[PDB]
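Okay, here's what each chain looks like letter by letter:
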Amino acid sequence: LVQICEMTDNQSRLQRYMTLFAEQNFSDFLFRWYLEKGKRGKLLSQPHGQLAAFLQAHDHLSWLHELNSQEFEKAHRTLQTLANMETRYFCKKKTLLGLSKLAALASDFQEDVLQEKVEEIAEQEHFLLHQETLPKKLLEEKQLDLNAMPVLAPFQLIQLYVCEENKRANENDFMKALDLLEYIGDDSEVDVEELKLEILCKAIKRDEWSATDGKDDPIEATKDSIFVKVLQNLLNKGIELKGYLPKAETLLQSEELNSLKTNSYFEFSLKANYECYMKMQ
Amino acid sequence: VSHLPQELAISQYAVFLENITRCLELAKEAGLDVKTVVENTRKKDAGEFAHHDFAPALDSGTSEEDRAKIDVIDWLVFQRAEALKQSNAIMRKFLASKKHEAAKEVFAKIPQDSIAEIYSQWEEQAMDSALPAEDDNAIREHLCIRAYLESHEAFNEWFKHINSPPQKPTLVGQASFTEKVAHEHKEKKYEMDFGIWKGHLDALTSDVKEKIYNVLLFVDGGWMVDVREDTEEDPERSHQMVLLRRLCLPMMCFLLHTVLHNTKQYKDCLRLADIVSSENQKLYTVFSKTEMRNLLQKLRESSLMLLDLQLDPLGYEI
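Residues numbered from 1 in each chain as written, not as in the entry; some residues may be left out. Chains lettered and ligands numbered in written order. Part of a larger assembly, values for the part shown. Heavy atoms only, no water. Residues with missing side-chain atoms left out of burial classes, pairs and counts.

cryo-EM is the method the PDB entry states for this structure, with the resolution given as 5.5 Å.

With that out of the way, let us pick up the overall build of chain A. For chain A, the helix and strand inventory stands at 15 helices and two strands. On C-alpha atoms alone, chain A measures out to a radius of gyration of 30 Å, which is more than a quarter above the 19 Å that the 2.2 N^0.38 rule sets for 281 residues. (Helix = DSSP H or I, 4+ residues; strand = E, 2+ residues; numbered from the N terminus. Rg over C-alpha atoms; globule rule 2.2 N^0.38 Å.)

A word on the overall build of chain B. Helix and strand counts for chain B come out as 14 helices and zero strands. Counting helices and strands in the order they occur from the N terminus, chain B gives α-α-α-α-α-α-α-α-α-α-α-α-α-α. Rg of the C-alpha trace for chain B: 27 Å, well past the compact-globule value of 20 Å for 318 residues, more than 25% over. By its C-alpha atoms, chain B is 95 × 55 × 50 Å across when sized along the principal axes.

Here we come to the interface of chain B and chain A. Residue-level contacts link eight residues of chain B with eight residues of chain A. For the side of chain B that touches chain A, the elements supplying multiple residues, two or more each, are α13 (272-277) and α14 (289-308) of chain B. No other element matches the five residues that α14 of chain B contributes to the side of chain B that touches chain A. When grouped by side-chain class, the residues that make up the side of chain B that touches chain A number three nonpolar, two polar and three charged. (Contact = heavy atoms within 4.5 Å. Nonpolar A, V, L, I, M, F, W, Y, C, P; charged D, E, K, R; others polar.)

Here the focus is unusual backbone geometry. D59 of chain B follows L58 of chain B through a cis peptide bond whose omega is -10°. A positive phi angle, close to 60°, is found at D59 of chain A, a residue other than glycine. On the secondary structure map, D59 of chain A appears in the loop between α4 (49-55) and α5 (62-68). Within the chain, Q310 of chain B stands out as a residue other than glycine whose phi angle is a positive 95°. Within the fold, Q310 of chain B resides in the segment after α14.

This part covers the packing of helix α4 (residues 61-77) of chain B against helix α6 (residues 100-109) of chain B. Residues and elements named next belong to chain B. For the pair α4 and α6, interaxial distance at closest approach is 7 Å and the crossing angle is 20°. Put simply, α4 runs roughly parallel to α6. Note on packing geometry: the crossing formed by α4 with α6 is right-handed. Across the interface between the two elements, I70, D71, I73 and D74 of α4 pack against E105, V106 and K109 of α6. Of the residues that constitute the contact of α4 with α6, the class distribution is three nonpolar, no polar and four charged. (Axes fitted to C-alpha atoms, helices over the stretch in contact; angles between N-to-C directions. Parallel < 35°, antiparallel > 145°, perpendicular 65-115°, else oblique. Left-handed = near helix turned anticlockwise from the far one by under 90°.)

The subject of this paragraph is the environment of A52 of chain A. Residues and elements named next belong to chain A. Looking at the secondary structure, you find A52 in helix α4. When the C-alpha positions of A52 and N166 are compared, they lie 59 Å apart, and in sequence the two are 114 residues distant. Excluding residues that lie within four positions of it along the chain, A52 makes contacts with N10, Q11 and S12.

All names here are of chain A. One way to put it is that helix α6 (residues 72-85) packs onto helix α7 (residues 90-105) with a least axis distance of 8 Å and a crossing angle of 160°. On the basis of their axis angle, the class for α6 and α7 is roughly antiparallel. α7 is crossed by α6, and the crossing has left-handed handedness. Counting all contacts with α6, which are made through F72, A75, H76, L79, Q80 and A83, the residues of α7 involved are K93, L96, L97, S100, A103 and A104.

Here it is, written out as structure tokens:
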């Protein structure tokens, strides 16, 4: 009775005074709140009242009465939890993490704890940034809603960067589709070196191997440029750059070139450029 | 006087000063033919100390300095690089005290064409090569100051308009039949004016919002951030630039939140958390921990009004 009288009014100064002078009324008031799910303990049923609800912010009502009580650290924990369960709307998952991060940055965490929260958050921003960078050619081709839809994985990004639909695909699009190979998970299960070929083969299909007046036409200007972009001058970085292009295949490549029907066109300069790629390496 | 070295500056001023308050100008130029920024800096230093006695508040000297910079800018517009650089320094002191009229009075003394004349080359890449690191930053700082100033101009107009809404028709209970008809007309006229005072407000809201975003999301490096990193050491300016960000970016975000909340744009209010936390701008580093929590309590207020409208906390449909 007294606990539902303290809940119909704006007196959580009374339910504090009730728990102040009691034997075990804390373990009762929480279990009385949960049984009364949507019946008693709501801050939306109550309109002094705000103060009472805030007491009523003890435990489960923290998201709203906790923001009101300026408990930023608590708001950050729930905002992140909501961001994780979020699957229905990409735009909302992005917003909740932003709010979570702003709540934590505006909270009173020690610099060490704050650094841990912003680092674990930086990981969440890192995965999301993949679905964020989806090309605006494919999102109109697949007829996808801009914000009212779901995100992406390195596999989806890699495959979308190299789609026939990505018409103006240049050195950067393929370079970033070879940067997205360390973001996989279970490399021997999902086929790393199959994709490593799929991309380097569409990296030649877009090139267009042609001939001008009976002479070889090196279309491999993008294949050329991508092999100029792998080396970051790691000779002076102390990395074993010498002998560090055996990522790419060779005899296994002309197997895929046969499937595309393009072996006769490009196999003259595929090997020719693979000679000044054994001198580069 | 020019024959003798000591009178190289003073003689020109005295002959020049009497004449200024054309042919006289030409004569002055001839006399000169027969530095200024450094002298101004020295004067500023003297003002900052002024020997044994220094005024507790102001006065005039700060104002006097502002007048001098505007005068040189007009004179420079007619030393324009130095006039702009010194003008920025004077305005940086006034911005930290929020003397927007003082900053604007200096800003109009700068000729509107000063940016165009300072350049040594038409092509931008070749301009960068010749333009010193002091001058690239001073051009950018002046536009940053203008972007800030325009964001308080439009806000004060909008804030004046939000406090002039049409008042409801006064009710005459127990009305005569004459008073009933006059009231039916006054009621109908009010229902026109309240639509216009929303109409003018929506236009002032759109314009004030754009200016605030131009400051908060300032193109090419963030507001009051040098893009040119090869300048000589100036800790008085660089620490002023860091300070101006911490006094005015929290304030501008709070004003925007107030503008968005007042016009009922609650979904956009919550997207201030995306803007502030954003690794692209790093605006969260210019806030104190207290200011962050104070933003988070402001955002929760916007969220409540979204719940009252039947939506989720972030203004998406349930």
